[PDB]
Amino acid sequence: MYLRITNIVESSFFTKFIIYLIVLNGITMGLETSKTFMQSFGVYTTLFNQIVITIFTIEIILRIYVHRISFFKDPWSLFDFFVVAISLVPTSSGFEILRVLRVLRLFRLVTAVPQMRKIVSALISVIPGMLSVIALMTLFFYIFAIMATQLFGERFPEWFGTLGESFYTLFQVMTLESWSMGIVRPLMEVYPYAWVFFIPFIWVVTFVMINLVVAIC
């Protein structure tokens, strides 16, 4: 019976049939947005949702027995399981994030399609040469998130009153979004030397980011 199932799984019709349910339930998940649509075809949708998430469990089961241990060493296969299991976590009795993360079952399209795999693998190959840099940045953020908290968190609780709130504000300053008019110009109305903290932080952070972009080449 194994060889019987093995032929169905690895057939091109099988893979194509899975892509069919993705693009369908992908559309099906995207019309659950419209409250108007949900009045007419609300029942049509949730069933097909349960239908598709059920079939993908079957498909992911066959891929196991066909590949055995080879299945649970394939990231694209493990992804599917978690991403199907998320969709399998009960519809109710819990935070709606799980019902939302059910839409992650639409990322399953990159698994079924090999052309996307090449795009994805090409990018992840860059991550190795960047952990040397990312780690340094995180220590830099952590050291300065400490300083900003015990510097400005007294008069500015919403931006720096908490080690975490300082982290959030500092990432925004990195992105440069309202760093001056939004945060530093007001900060300077109380601490006039605040620019000594943030201008070099922007200098340093930008220089490193540029090096990382150049590092990739």
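One-based numbering along the sequence shown.
Two stretches are in play, 8-16 and 189-197, and the higher mean C-alpha B-factor belongs to 8-16. Comparing 175-183 with 58-66, the higher mean C-alpha B-factor in the PDB entry belongs to 58-66. Per the deposited coordinates, the residue with the largest Cα temperature factor out of 163, 151, 170, 53 is 53.
Among all modelled residues in its chain, residue 132 ranks in the middle third by Cα B-factor.
The entry lists a Cα temperature factor for residue 3 that places it in the highest third of the chain's modelled residues. When the CA B factors of the chain's modelled residues are split into thirds, the value for residue 76 lands in the middle one. In the deposited entry, the Cα temperature factor of residue 138 sits in the bottom third of values across the chain's modelled residues.
In this PDB entry, residue 103 carries a Cα temperature factor that places it within the middle third of its chain's modelled residues.
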